[PDB]
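Undergrad: what's the 3D shape of this:
(10 chains)
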Amino acid sequence: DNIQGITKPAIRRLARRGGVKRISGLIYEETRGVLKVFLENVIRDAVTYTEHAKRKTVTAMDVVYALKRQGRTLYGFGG
Amino acid sequence: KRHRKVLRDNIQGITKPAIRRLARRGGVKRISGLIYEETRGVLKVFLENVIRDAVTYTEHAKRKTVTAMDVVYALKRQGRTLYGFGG
Amino acid sequence: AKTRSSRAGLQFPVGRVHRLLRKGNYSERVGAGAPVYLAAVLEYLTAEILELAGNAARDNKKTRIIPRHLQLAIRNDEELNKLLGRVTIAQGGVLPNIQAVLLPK
Amino acid sequence: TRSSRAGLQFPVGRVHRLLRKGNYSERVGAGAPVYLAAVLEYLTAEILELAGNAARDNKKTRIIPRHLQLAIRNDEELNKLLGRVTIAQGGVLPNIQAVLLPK
Amino acid sequence: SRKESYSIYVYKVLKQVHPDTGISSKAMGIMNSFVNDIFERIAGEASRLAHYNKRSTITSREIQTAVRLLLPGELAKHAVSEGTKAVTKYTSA
Amino acid sequence: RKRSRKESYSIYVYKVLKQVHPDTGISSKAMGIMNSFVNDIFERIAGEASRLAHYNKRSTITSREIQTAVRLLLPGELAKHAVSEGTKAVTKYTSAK
Amino acid sequence: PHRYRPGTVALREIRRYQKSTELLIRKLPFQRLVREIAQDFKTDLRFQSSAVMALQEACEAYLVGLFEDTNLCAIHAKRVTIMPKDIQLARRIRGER
Amino acid sequence: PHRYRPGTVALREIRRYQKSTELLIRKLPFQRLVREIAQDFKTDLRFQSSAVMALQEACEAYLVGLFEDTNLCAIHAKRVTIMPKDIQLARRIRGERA
DNA sequence: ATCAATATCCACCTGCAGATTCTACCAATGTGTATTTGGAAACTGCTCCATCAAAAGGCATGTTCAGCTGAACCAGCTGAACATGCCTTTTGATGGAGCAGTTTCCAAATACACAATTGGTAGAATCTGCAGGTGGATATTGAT
DNA sequence: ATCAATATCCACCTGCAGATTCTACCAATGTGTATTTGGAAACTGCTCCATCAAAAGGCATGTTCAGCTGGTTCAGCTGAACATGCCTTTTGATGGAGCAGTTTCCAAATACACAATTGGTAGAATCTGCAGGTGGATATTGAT
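TA: Residues are numbered from 1 along each chain as shown, chains lettered A, B, ... in the order given. Dropping the coordinates below:
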């Protein structure tokens, strides 16, 4: 259950940066759901790229191609 | 070499009831008073944008007439794709 | 068989798709397997939509499929709806759907 | 070099090559990569400008990603252009909603 | 002046799916446009995959990894399959 | 050890950097950001140019096309000033040749 | 005579209008609004009738959609009533504004 | 002793955290989570350290942004507190959720 | 309730044209040469993965109480519903040509190739910013 | 307010490594050939614009009052603050080799081109669905 390694205080800090004051109880779990969906999606794609590439190792560029597919474009990792 | 009428604030031809109906179809019950003006504000922003791009395409094309395809390329540009007019 | 769709057993032209892939500048060289596999995937999705809209037109008691039917067909299905997420359909209409708390008590 | 001829720091050659081997279209006119390496040079310059001023503001000589993020999200036209873009090591524009501020 | 469309092949496939049903012109416009949007989507993705992997050529293999990327779930499955099937029947004969 | 040639924009970006702020520098991370930036932007403009080509059934990408791409892609004042720097550099290369 | 309570003709309307596909905005005032918005962008234009329709479809789509997300915003406020602060939240989250 | 009112350390936290750019989630649990989520798509894979970092930046981006939009949704309800129906509203409008 | 009444729902019909089928014209779409892409095998080495051992720093767990949420209630009023009166949209009609799209010619412009040379790469060296920190400057926050 | 206590701000300095300056290697990136894309001019015809009268259908406008908004209060409790107590994240370390990435061979796969031929187009003809209408059963809302 590595999904719980996303600590309550990490999500608390994340919300802090997001400009939030008071956080409900359920929120943490709800966050944890969302986050997963995200990662599931992106990685699903990133990995696909790695498979097309007939490589066993996922490279930062696969990540980026995926994120660009998702419309979430990332700068600074070799785009 | 032959006149036009001038065109001015045709934005009020988007009648209150057109905006009411468009609101119904959206699954809305009670509409505040302000909404109409605000609707229009938003609608205008929309059109300006789309039409800008569509005309840019007609301008690249050295045509004086805007075609459906130009409209469509525009909408597709905005991320709003339209089906049925020739995409 | 002579034509290539016949050879791979499809109703969608594998030749026209070869032509389009070549004179679209997707890349220099277009393999012999690509327009095949592709005219196959297009055929397939055309088929899925037509099935769902056709059943939807039978539901409203009509012989001809009209855009409202297609709009329905796409939006009721979960996966067709995700794929056509950003797409607006000519003459579409919406999914008849009313919010609960606006309904009479 | 052709950049010298057009007064750019940006290689017009490299961009001629890129336009040819991306398959954007068959024939790349000679004027295209010029106009283009120019437009990139301009926008590079623009970002570097605004980010640099932002970098002098926090009293540093080195531009770090945070400066760039700031410069982009602060400028209006740039911010529109980079809307769907996430900048690594960026941070946010420090901004608090008014109604959570102690009254 | 001759124009080109998919309306004839979409008639084909319609008759395969529902023999007794018809289709209007606007609707056909929707379909033709649809097939086209999709085309550009997959072929585009295929292309990007080429240049990503430094390959001058678009193989059926690329179309495929495109269809896995672009199509969500069960649709991706039945499609990748309908394809493999079509290419394999194509190869032998 | 061995070498593997890679390609980047960090040098031209140093140049332009020194032009704008002679007394200021740039970190590695930030330079990666600029490199990406140019690349994304590039791909965007050239993409749209390409679409203009095919829309108008043309085998060639003229600077004329780069231009209509920049009017479409770039917002407002940014658009006006880029179209300038471009038309400018091209006329200068034109008379130079 | 007969008078329906507030909200009854509302729901009868929502049903009625969700059920059809025809254009809600009268075509002429929309066409003047498009020729006007283009006039002042590049002067002396002509419009294919299909281009007018395409625009009408695109815009009524945009707006019907925006109204749905509006309603979902006002219902989140425990209100049956939509307001500009609602619409503006919708656009604020979508990224438009 | 000394005790700050409820909400103050929040505001100071907000200023403090919005002002830096450093990675908020512990990297290892995140890396384990990424390797797990990847196991089920394909088994026996390897990850460039730069690619993991890349994802971490992508996800903290995603979440902080979603939070901005959440806070704005609860503030729409005359509430200072974010809740699961707020987040489901944000995702529901963005198009992320059905 | 029980009751009218407005509206919707549903079925046939009836006439129109839009889907759809017949037809003939025509332009994309079997075989042989020529070139090179990548698959395939062979080796090199980058950094990714393992387990490991100290150093704290961060997470966790709990107590205590503050203020935020929401349930509930109440006054004002703002937006719905309805009719009637009026205006402007729709239709189709025609007339007129602006001008879009199709055609045919001629060249300026780019692709192709060979051959030469220097800007741009990696690797090494060196050096200047600023992180890290410690200690009082100075700004809030909570209590008086 | 006016008043203390943590917390933050900024000052100064110093060292560490990551930015920046320098070195030599090397592979990409001017002139000459051959071809063709599209800019230009000359013409055809489609469809877009203008206008008009009549039909009518929907917009606008005013009255009237229902229920919906938000203003107010008020209890419970659910999160925040703060300390102490526990553990695993971080970092630095070395070692091991999985495997990514670079090169050489070279043949299977496509680009390229001419001559053939047929599926796909448009245009025309036609006919079956259903749009439009009307009545008439039924279902819902609000009034008593």
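Undergrad: for chain E, which segments count as helices?
TA: E:7-17, E:25-52, E:60-70, E:73-91 (DSSP state H).
Undergrad: wait, does the third one contact chain H?
TA: No - residues of helix E:60-70 are not located near chain H by Cβ under 8 Å from any Cβ of the partner chain, the shortest gap being 11.3 Å. Just so you know, the C-beta spots here come from the backbone N, C-alpha and C atoms, and that holds for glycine as well.
Undergrad: list the contacts of that helix.
TA: For helix E:60-70, the surrounding residues in contact (Cβ atoms under 8 Å, 6 or more residues apart in numbering or on different chains) are A:45, A:48-49, A:51-52, A:69, C:31, C:33-34, C:36-38, C:41, E:41-43, E:45-46, E:49-50, E:76, E:79-80, E:83-84, E:87.
Undergrad: residues in a beta bridge with residue G:81, which ones?
TA: residue B:30 (DSSP bridges).
Undergrad: how many other residues sit next to the residue in chain E that chain D sits nearest to?
TA: Nearest residue of chain E to chain D: residue E:51, at 6.5 Å (Cβ to the nearest Cβ). Neighbourhood size, residue E:51 [other Cβ atoms under 10 Å in any protein chain shown]: 14.
Undergrad: same question for residue A:71.
TA: 8.
Undergrad: next, give phi and psi for it.
TA: phi 90, psi 20 (degrees, to the nearest 10).
Undergrad: doesn't residue D:84 make contact with it?
TA: Yes - using Cβ atoms under 8 Å, residue A:71 makes contact with residue D:84 at a distance of 5.6 Å.
Undergrad: leaving out the residues flanking it, which one is nearest to the residue of chain E closest to chain D?
TA: Nearest residue to residue E:51 in three dimensions, chain neighbours excluded: residue D:22, at 6.5 Å (Cβ to Cβ, 6 or more residues apart in numbering or on different chains).
Undergrad: hang on, the earlier thing: between the helices of chain E, which one is closest to residue G:20.
TA: helix E:25-52 (14.9 Å; Cβ to Cβ).
Undergrad: mind listing what's buried in that closest one?
TA: Residues of helix E:25-52 classed as buried by neighbour count (16 or more other Cβ atoms under 10 Å in any protein chain shown): E:27-43, E:45-50.
Undergrad: now the buried members of the contacts of helix E:60-70.
TA: Of the contacts of helix E:60-70, these count as buried by 16+ other Cβ under 10 Å: A:45, A:48-49, A:51-52, A:69, C:31, C:33-34, C:36-38, C:41, E:41-43, E:45-46, E:49-50, E:76, E:79-80, E:83, E:87.
Undergrad: coming back round to it: export the helices of chain E as CSV, with columns for distance to residue A:29.
TA: As requested, the helices of chain E are arranged in CSV below (distance: least, Cβ to Cβ, whole Å):
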stretch, distance to residue A:29
helix E:7-17, 44
helix E:25-52, 35
helix E:60-70, 30
helix E:73-91, 25
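Undergrad: now the residue of chain G found nearest chain D, nearest residue through space, not along the chain?
TA: Here chain G gets closest to chain D at one residue, residue G:95, 6.5 Å apart by Cβ to the nearest Cβ. Setting aside the residues directly before and after it, residue G:95 is nearest to residue D:83 in space (Cβ to Cβ, 6+ apart), at 6.5 Å.
Undergrad: not counting sequence-adjacent ones, nearest residue to residue G:28?
TA: residue B:13 (7.3 Å).
Undergrad: now do residue G:78
TA: residue H:77 (7.4 Å).
Undergrad: give me phi/psi at residue G:44?
TA: phi 60, psi 80.
Undergrad: hey, C-alpha coordinates of stretch E:8-24 in PDB?
TA: This file holds the C-alpha atoms of stretch E:8-24, laid out as PDB (Å, rounded to 0.1, in the frame of the first residue of the first chain):
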ATOM      1  CA  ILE E   8     -20.100   5.400 -50.000                       C
ATOM      2  CA  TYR E   9     -18.100   3.300 -47.600                       C
ATOM      3  CA  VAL E  10     -20.100   4.600 -44.700                       C
ATOM      4  CA  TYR E  11     -23.200   3.400 -46.600                       C
ATOM      5  CA  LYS E  12     -21.400   0.000 -46.900                       C
ATOM      6  CA  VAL E  13     -20.700  -0.300 -43.200                       C
ATOM      7  CA  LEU E  14     -24.200   1.000 -42.300                       C
ATOM      8  CA  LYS E  15     -25.800  -1.700 -44.400                       C
ATOM      9  CA  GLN E  16     -23.600  -4.300 -42.800                       C
ATOM     10  CA  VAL E  17     -24.600  -3.200 -39.300                       C
ATOM     11  CA  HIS E  18     -28.400  -2.500 -39.800                       C
ATOM     12  CA  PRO E  19     -29.700  -3.800 -43.100                       C
ATOM     13  CA  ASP E  20     -33.100  -2.000 -42.900                       C
ATOM     14  CA  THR E  21     -32.000   1.500 -41.800                       C
ATOM     15  CA  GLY E  22     -31.100   4.800 -43.600                       C
ATOM     16  CA  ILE E  23     -29.100   7.900 -43.100                       C
ATOM     17  CA  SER E  24     -29.500  11.700 -43.800                       C
END
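Undergrad: okay, now the residue nearest to residue G:78: neighbour count?
TA: 17.
Undergrad: mind naming the longest helix for chain G?
TA: Chain G, longest helix under DSSP H: helix G:49-75.
Undergrad: now check that one, is it near DNA strand J?
TA: Yes - contact of helix G:49-75 with DNA strand J (Cβ under 7 Å from any atom of the strand) involves G:49, G:50.
Undergrad: report the angle between that helix and helix B:16-25.
TA: 60 degrees (axes from the mean of the first three to the mean of the last three Cα atoms, to 10 degrees).
Undergrad: quick revisit: just confirm the residue of chain E closest to chain D contacts residue D:18, I think it does.
TA: No - contact criterion Cβ under 8 Å: residue E:51 and residue D:18 do not qualify, at 10.6 Å.
Undergrad: can you give me phi and psi for residue E:6?
TA: Dihedral angles (degrees, to the nearest 10) for residue E:6: phi -100, psi 10.
Undergrad: number of residues surrounding residue C:61?
TA: 6.
Undergrad: on the three-state scheme, it is what?
TA: Under the three-state scheme (DSSP: H, G, I helix; E, B strand; the rest coil), residue C:61 adopts coil.
Undergrad: contacts only, for the residue most central in space within chain C.
TA: When chain C is reduced to its mean C-alpha position, the nearest residue by Cα atoms, centre = their mean turns out to be residue C:46, at 3.9 Å. Residue C:46 sits next to C:12, E:6, E:9, E:10, E:13, E:31, E:34, E:35 when contact means Cβ under 8 Å, 6+ apart.
Undergrad: over to residue A:39?
TA: H:33, H:34, H:37, H:55, H:59 are the contacts of residue A:39 under Cβ under 8 Å, 6+ apart.
Undergrad: and the residue in chain E positioned nearest to chain B, how close does it get to DNA strand J?
TA: When scored by Cβ to the nearest Cβ, chain E has residue E:33 as its residue closest to chain B, at 4.0 Å. Noted for residue E:33: a distance of 15 Å to DNA strand J, by Cβ to the nearest atom of the strand, to the nearest Å.
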